[PDB]
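So this one's upload.txt, compact mmCIF, C-alpha atoms:
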```txt
# COMPACT_ATOMS: atom_id res chain seq x y z
CA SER A 1236 18.89 -87.77 -39.68
CA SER A 1237 15.80 -88.36 -41.82
CA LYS A 1238 12.56 -87.17 -40.22
CA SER A 1239 14.04 -84.20 -38.37
CA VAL A 1240 15.54 -82.80 -41.58
CA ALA A 1241 12.16 -83.15 -43.26
CA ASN A 1242 10.52 -81.30 -40.37
CA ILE A 1243 12.90 -78.34 -40.47
CA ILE A 1244 12.43 -78.11 -44.24
CA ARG A 1245 8.65 -78.27 -43.85
CA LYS A 1246 8.60 -75.59 -41.16
CA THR A 1247 10.81 -73.29 -43.24
CA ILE A 1248 8.51 -73.79 -46.23
CA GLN A 1249 5.45 -73.16 -44.08
CA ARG A 1250 6.86 -69.94 -42.63
CA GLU A 1251 7.76 -68.64 -46.08
CA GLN A 1252 4.28 -69.46 -47.39
CA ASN A 1253 2.67 -67.66 -44.46
CA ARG A 1254 4.81 -64.54 -44.79
CA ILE A 1255 4.05 -64.39 -48.51
CA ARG A 1256 0.37 -64.77 -47.70
CA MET A 1257 0.62 -61.77 -45.37
CA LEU A 1258 2.37 -59.61 -47.97
CA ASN A 1259 -0.25 -60.81 -50.45
CA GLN A 1260 -3.14 -59.24 -48.53
CA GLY A 1261 -1.81 -55.69 -48.74
CA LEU A 1262 -2.25 -55.78 -52.52
CA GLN A 1263 -5.92 -56.80 -52.61
CA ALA A 1264 -8.26 -54.41 -54.40
CA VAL A 1265 -5.77 -52.31 -56.34
CA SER A 1266 -7.38 -50.77 -59.41
CA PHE A 1267 -5.21 -50.39 -62.52
CA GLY A 1268 -7.37 -50.17 -65.61
CA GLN A 1269 -9.09 -53.55 -65.74
CA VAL A 1270 -6.69 -55.18 -63.26
CA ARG A 1271 -8.25 -55.51 -59.81
CA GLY A 1272 -5.72 -57.52 -57.80
CA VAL A 1273 -2.21 -58.97 -57.74
CA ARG A 1274 -0.79 -62.08 -56.07
CA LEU A 1275 2.43 -64.04 -55.59
CA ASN A 1276 1.45 -67.65 -56.20
CA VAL A 1277 3.67 -70.11 -54.29
CA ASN A 1278 3.67 -73.85 -54.97
CA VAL A 1279 5.78 -76.91 -54.23
CA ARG A 1280 7.33 -78.92 -57.05
CA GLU A 1281 6.17 -82.53 -57.24
CA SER A 1282 9.57 -84.11 -57.79
CA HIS A 1283 10.61 -82.59 -54.46
CA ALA A 1284 7.31 -83.15 -52.65
CA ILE A 1285 7.58 -86.91 -53.14
CA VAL B 644 55.58 -80.31 -26.77
CA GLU B 645 54.80 -77.15 -28.71
CA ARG B 646 53.10 -79.27 -31.39
CA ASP B 647 50.87 -81.01 -28.85
CA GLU B 648 49.94 -77.80 -27.03
CA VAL B 649 48.89 -76.12 -30.27
CA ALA B 650 46.93 -79.29 -31.08
CA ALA B 651 45.06 -78.94 -27.79
CA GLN B 652 44.14 -75.35 -28.61
CA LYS B 653 42.95 -76.37 -32.08
CA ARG B 654 40.77 -79.13 -30.65
CA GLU B 655 39.21 -76.68 -28.21
CA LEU B 656 38.52 -74.23 -31.03
CA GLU B 657 36.79 -76.82 -33.19
CA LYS B 658 34.68 -77.99 -30.26
CA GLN B 659 33.69 -74.39 -29.51
CA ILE B 660 32.81 -73.72 -33.16
CA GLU B 661 30.84 -76.95 -33.38
CA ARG B 662 28.61 -76.07 -30.42
CA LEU B 663 27.41 -72.97 -32.33
CA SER B 664 26.62 -74.79 -35.56
CA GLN B 665 23.20 -76.35 -35.77
CA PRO B 666 20.26 -76.28 -36.08
CA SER B 667 19.84 -73.50 -33.63
CA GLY B 668 23.17 -73.99 -31.90
CA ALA B 669 22.56 -75.85 -28.65
CA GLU B 670 23.18 -79.22 -26.99
CA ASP B 671 22.09 -80.70 -30.32
CA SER B 672 23.23 -84.26 -29.56
CA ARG B 673 19.88 -85.26 -28.05
CA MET B 674 17.87 -82.02 -27.91
CA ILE B 675 16.45 -82.19 -31.45
CA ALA B 676 14.96 -85.65 -30.94
CA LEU B 677 13.84 -84.60 -27.46
CA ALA B 678 12.15 -81.59 -29.04
CA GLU B 679 10.06 -83.64 -31.43
CA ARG B 680 9.34 -86.56 -29.08
CA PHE B 681 7.12 -84.11 -27.20
CA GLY B 682 4.69 -81.70 -28.80
CA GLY B 683 7.08 -78.83 -28.13
CA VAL B 684 9.56 -76.38 -29.62
CA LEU B 685 13.08 -75.50 -28.53
CA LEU B 686 13.13 -72.14 -26.76
CA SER B 687 16.39 -70.98 -28.34
CA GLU B 688 14.77 -71.60 -31.72
CA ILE B 689 11.78 -69.43 -30.80
CA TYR B 690 14.28 -66.65 -29.98
CA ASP B 691 16.26 -67.17 -33.20
CA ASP B 692 15.44 -63.73 -34.57
CA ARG C 199 17.92 -53.44 -61.11
CA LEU C 200 15.23 -52.57 -58.59
CA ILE C 201 15.84 -48.82 -58.81
CA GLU C 202 16.08 -48.58 -62.59
CA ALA C 203 13.10 -50.87 -63.15
CA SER C 204 11.11 -48.51 -60.95
CA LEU C 205 12.49 -45.53 -62.87
CA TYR C 206 11.48 -46.61 -66.37
CA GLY C 207 8.35 -48.51 -65.32
CA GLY C 208 6.69 -51.68 -66.53
CA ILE C 209 6.88 -55.34 -65.60
CA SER C 210 10.65 -55.80 -65.46
CA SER C 211 11.89 -58.78 -67.45
CA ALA C 212 14.86 -59.43 -65.16
CA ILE C 213 12.79 -59.27 -61.98
CA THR C 214 10.29 -61.66 -63.54
CA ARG C 215 12.93 -64.22 -64.56
CA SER C 216 14.58 -64.58 -61.14
CA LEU C 217 11.53 -64.05 -58.91
CA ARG C 218 12.62 -66.54 -56.24
CA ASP C 219 16.08 -64.96 -56.08
CA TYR C 220 14.50 -61.61 -55.20
CA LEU C 221 11.57 -62.49 -52.94
CA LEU C 222 12.99 -65.30 -50.76
CA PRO C 223 15.69 -64.97 -48.09
CA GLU C 224 18.42 -67.60 -47.96
CA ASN C 225 18.44 -69.76 -44.81
CA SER C 226 21.68 -71.12 -43.36
CA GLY C 227 20.23 -73.37 -40.65
CA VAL C 228 19.49 -76.23 -43.05
CA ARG C 229 23.13 -76.29 -44.22
CA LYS C 230 25.80 -75.62 -41.63
CA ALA C 231 24.98 -78.70 -39.56
CA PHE C 232 25.84 -80.83 -42.55
CA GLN C 233 28.94 -78.85 -43.47
CA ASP C 234 30.30 -79.51 -39.98
CA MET C 235 29.27 -83.17 -39.99
CA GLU C 236 30.76 -83.52 -43.49
CA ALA C 237 34.05 -81.91 -42.43
CA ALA C 238 35.88 -85.05 -41.30
CA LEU C 239 35.31 -86.74 -44.66
CA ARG C 240 36.27 -83.64 -46.67
CA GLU C 241 39.65 -83.32 -44.95
CA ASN C 242 40.36 -87.03 -45.35
CA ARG C 243 39.55 -86.98 -49.07
CA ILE C 244 41.75 -83.93 -49.67
CA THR C 245 44.61 -85.55 -47.75
CA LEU C 246 44.32 -88.71 -49.85
CA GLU C 247 44.44 -86.73 -53.08
```

Output the file's structure as structure tokens, nothing else.
Amino acid sequence: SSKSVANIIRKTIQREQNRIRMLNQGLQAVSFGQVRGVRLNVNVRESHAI
Amino acid sequence: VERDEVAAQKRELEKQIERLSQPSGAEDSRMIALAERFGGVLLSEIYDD
Amino acid sequence: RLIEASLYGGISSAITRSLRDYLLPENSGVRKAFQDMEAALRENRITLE
């Protein structure tokens, strides 16, 4: 019930954010014309954060 | 008698299935709360992958 | 979609639309606990109908 569900959801979210952050680093400093880097921006929706 | 015996098998099957369910199938009745009441993590969950 | 988008080149429209569907794996742990806990009610409701 309650808190434990929130904790498993939070840990899953945290793990996904971290893995994305690791993938994200391999793409730093890639030169394509005037583009110099690429990222996958991950964010949490407010209506679900509250 | 046949009806009741098959019922016993079905009950055993559901209980067996249920043990493997969640969250990382274990003795979930108390273990999840026991996992958070200390600053720890369930070992079976560490070996999920 | 992946292969042909690579073949022709460019920022694929379809990949861009469904980005979460491509980049995130689906996790069962959060769900199956509640499907099993929910089971008794589901069967009862269906029986009543």

*Skipping near chain neighbours, those fewer than 6 positions away, what residues fall within 12 Å of residue 1240 (chain A) using all atoms listed in the file, listed as a PyMOL selection string?*
(chain A and resi 1246-1247) or (chain B and resi 665-666+675-676+679) or (chain C and resi 227-229+231-232)

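Of the residues under consideration (B:673, B:658, B:653, B:680), B:658 shows the shortest atom-to-atom contact distance to residue 234 (chain C) when counting all atoms listed in the file.
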
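Between CA of residue 678 (chain B) and CA of residue 223 (chain C) lies a distance of 25.5 Å.
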
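Straight-line separation from CA of residue 685 (chain B) to CA of residue 225 (chain C): 18.1 Å.
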
*Interface list for chain B, partner chain C, 10 Å threshold, only C-alpha atoms, as a PyMOL selection string*: chain B and resi 657+660-661+663-668+671

I need the residues from that last selection saved to file as a PDB file, in the coordinates of the input (with C-alpha atoms), if you can.
```pdb
ATOM      1  CA  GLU B 657      36.790 -76.820 -33.190  1.00  0.00           C
ATOM      2  CA  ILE B 660      32.810 -73.720 -33.160  1.00  0.00           C
ATOM      3  CA  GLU B 661      30.840 -76.950 -33.380  1.00  0.00           C
ATOM      4  CA  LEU B 663      27.410 -72.970 -32.330  1.00  0.00           C
ATOM      5  CA  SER B 664      26.620 -74.790 -35.560  1.00  0.00           C
ATOM      6  CA  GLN B 665      23.200 -76.350 -35.770  1.00  0.00           C
ATOM      7  CA  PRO B 666      20.260 -76.280 -36.080  1.00  0.00           C
ATOM      8  CA  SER B 667      19.840 -73.500 -33.630  1.00  0.00           C
ATOM      9  CA  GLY B 668      23.170 -73.990 -31.900  1.00  0.00           C
ATOM     10  CA  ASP B 671      22.090 -80.700 -30.320  1.00  0.00           C
TER      11      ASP B 671
END
```

*Do me a favour and pick out the residues of chain A within 10 Å of chain C, using only C-alpha atoms, as a ChimeraX atom specification.*
/A:1240,1243-1244,1247,1251,1255,1275,1277

Let me see the file: selected residues, C-alpha atoms, as a compact mmCIF listing (two decimals), in the coordinates of the input.
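Result file is out10.txt:
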```txt
# COMPACT_ATOMS: atom_id res chain seq x y z
CA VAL A 1240 15.54 -82.80 -41.58
CA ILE A 1243 12.90 -78.34 -40.47
CA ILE A 1244 12.43 -78.11 -44.24
CA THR A 1247 10.81 -73.29 -43.24
CA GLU A 1251 7.76 -68.64 -46.08
CA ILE A 1255 4.05 -64.39 -48.51
CA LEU A 1275 2.43 -64.04 -55.59
CA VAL A 1277 3.67 -70.11 -54.29
```

*When you draw a straight line from CA of residue 691 (chain B) to CA of residue 1257 (chain A), how long is it in Å?*
20.5 Å

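For the set A:1259, A:1269, A:1282, A:1239, the residue with the smallest atom-to-atom gap to chain B is A:1239, counting only C-alpha atoms.
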
As an mmCIF file, keeping the file's coordinate frame, the rebuilt region 212-239 of chain C with N, CA and C atoms:
```cif
data_model
loop_
_atom_site.group_PDB
_atom_site.id
_atom_site.type_symbol
_atom_site.label_atom_id
_atom_site.label_comp_id
_atom_site.auth_asym_id
_atom_site.auth_seq_id
_atom_site.Cartn_x
_atom_site.Cartn_y
_atom_site.Cartn_z
ATOM 1 N N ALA C 212 13.873 -58.795 -66.028
ATOM 2 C CA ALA C 212 14.860 -59.430 -65.160
ATOM 3 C C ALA C 212 14.259 -59.811 -63.819
ATOM 4 N N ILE C 213 13.448 -58.930 -63.234
ATOM 5 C CA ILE C 213 12.790 -59.270 -61.980
ATOM 6 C C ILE C 213 11.912 -60.493 -62.167
ATOM 7 N N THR C 214 11.212 -60.561 -63.297
ATOM 8 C CA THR C 214 10.290 -61.660 -63.540
ATOM 9 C C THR C 214 11.031 -62.985 -63.691
ATOM 10 N N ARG C 215 12.183 -62.974 -64.366
ATOM 11 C CA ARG C 215 12.930 -64.220 -64.560
ATOM 12 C C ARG C 215 13.317 -64.842 -63.227
ATOM 13 N N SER C 216 13.956 -64.062 -62.352
ATOM 14 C CA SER C 216 14.580 -64.580 -61.140
ATOM 15 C C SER C 216 13.753 -64.321 -59.886
ATOM 16 N N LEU C 217 12.433 -64.442 -59.982
ATOM 17 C CA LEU C 217 11.530 -64.050 -58.910
ATOM 18 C C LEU C 217 11.911 -64.642 -57.557
ATOM 19 N N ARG C 218 12.241 -65.937 -57.516
ATOM 20 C CA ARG C 218 12.620 -66.540 -56.240
ATOM 21 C C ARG C 218 13.896 -65.928 -55.688
ATOM 22 N N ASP C 219 14.832 -65.548 -56.559
ATOM 23 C CA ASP C 219 16.080 -64.960 -56.080
ATOM 24 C C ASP C 219 15.838 -63.629 -55.387
ATOM 25 N N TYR C 220 14.795 -62.904 -55.786
ATOM 26 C CA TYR C 220 14.500 -61.610 -55.200
ATOM 27 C C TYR C 220 13.624 -61.718 -53.955
ATOM 28 N N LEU C 221 12.563 -62.527 -54.009
ATOM 29 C CA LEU C 221 11.570 -62.490 -52.940
ATOM 30 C C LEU C 221 11.855 -63.423 -51.759
ATOM 31 N N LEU C 222 12.805 -64.349 -51.852
ATOM 32 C CA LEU C 222 12.990 -65.300 -50.760
ATOM 33 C C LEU C 222 14.344 -65.125 -50.096
ATOM 34 N N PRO C 223 14.398 -65.001 -48.770
ATOM 35 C CA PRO C 223 15.690 -64.970 -48.090
ATOM 36 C C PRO C 223 16.329 -66.347 -48.044
ATOM 37 N N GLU C 224 17.658 -66.361 -48.009
ATOM 38 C CA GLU C 224 18.420 -67.600 -47.960
ATOM 39 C C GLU C 224 18.651 -67.990 -46.503
ATOM 40 N N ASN C 225 18.406 -69.259 -46.182
ATOM 41 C CA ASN C 225 18.440 -69.760 -44.810
ATOM 42 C C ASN C 225 19.663 -70.652 -44.633
ATOM 43 N N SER C 226 20.474 -70.353 -43.618
ATOM 44 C CA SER C 226 21.680 -71.120 -43.360
ATOM 45 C C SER C 226 21.446 -72.335 -42.466
ATOM 46 N N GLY C 227 20.391 -72.322 -41.648
ATOM 47 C CA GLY C 227 20.230 -73.370 -40.650
ATOM 48 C C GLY C 227 20.258 -74.760 -41.262
ATOM 49 N N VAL C 228 19.597 -74.924 -42.406
ATOM 50 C CA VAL C 228 19.490 -76.230 -43.050
ATOM 51 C C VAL C 228 20.850 -76.788 -43.457
ATOM 52 N N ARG C 229 21.871 -75.936 -43.568
ATOM 53 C CA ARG C 229 23.130 -76.290 -44.220
ATOM 54 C C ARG C 229 24.301 -76.553 -43.271
ATOM 55 N N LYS C 230 24.516 -75.656 -42.311
ATOM 56 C CA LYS C 230 25.800 -75.620 -41.630
ATOM 57 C C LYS C 230 25.998 -76.861 -40.765
ATOM 58 N N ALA C 231 24.904 -77.412 -40.237
ATOM 59 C CA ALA C 231 24.980 -78.700 -39.560
ATOM 60 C C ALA C 231 25.726 -79.700 -40.416
ATOM 61 N N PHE C 232 25.342 -79.781 -41.680
ATOM 62 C CA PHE C 232 25.840 -80.830 -42.550
ATOM 63 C C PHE C 232 27.227 -80.487 -43.071
ATOM 64 N N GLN C 233 27.542 -79.196 -43.192
ATOM 65 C CA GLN C 233 28.940 -78.850 -43.470
ATOM 66 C C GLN C 233 29.853 -79.275 -42.327
ATOM 67 N N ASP C 234 29.441 -79.072 -41.076
ATOM 68 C CA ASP C 234 30.300 -79.510 -39.980
ATOM 69 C C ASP C 234 30.373 -81.029 -39.899
ATOM 70 N N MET C 235 29.240 -81.716 -40.051
ATOM 71 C CA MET C 235 29.270 -83.170 -39.990
ATOM 72 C C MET C 235 30.107 -83.733 -41.136
ATOM 73 N N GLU C 236 30.034 -83.089 -42.300
ATOM 74 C CA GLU C 236 30.760 -83.520 -43.490
ATOM 75 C C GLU C 236 32.260 -83.238 -43.392
ATOM 76 N N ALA C 237 32.687 -82.420 -42.426
ATOM 77 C CA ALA C 237 34.050 -81.910 -42.430
ATOM 78 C C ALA C 237 35.089 -83.024 -42.353
ATOM 79 N N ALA C 238 34.874 -84.009 -41.481
ATOM 80 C CA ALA C 238 35.880 -85.050 -41.300
ATOM 81 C C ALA C 238 36.160 -85.778 -42.608
ATOM 82 N N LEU C 239 35.116 -86.061 -43.386
ATOM 83 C CA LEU C 239 35.310 -86.740 -44.660
ATOM 84 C C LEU C 239 36.023 -85.839 -45.670
#
```
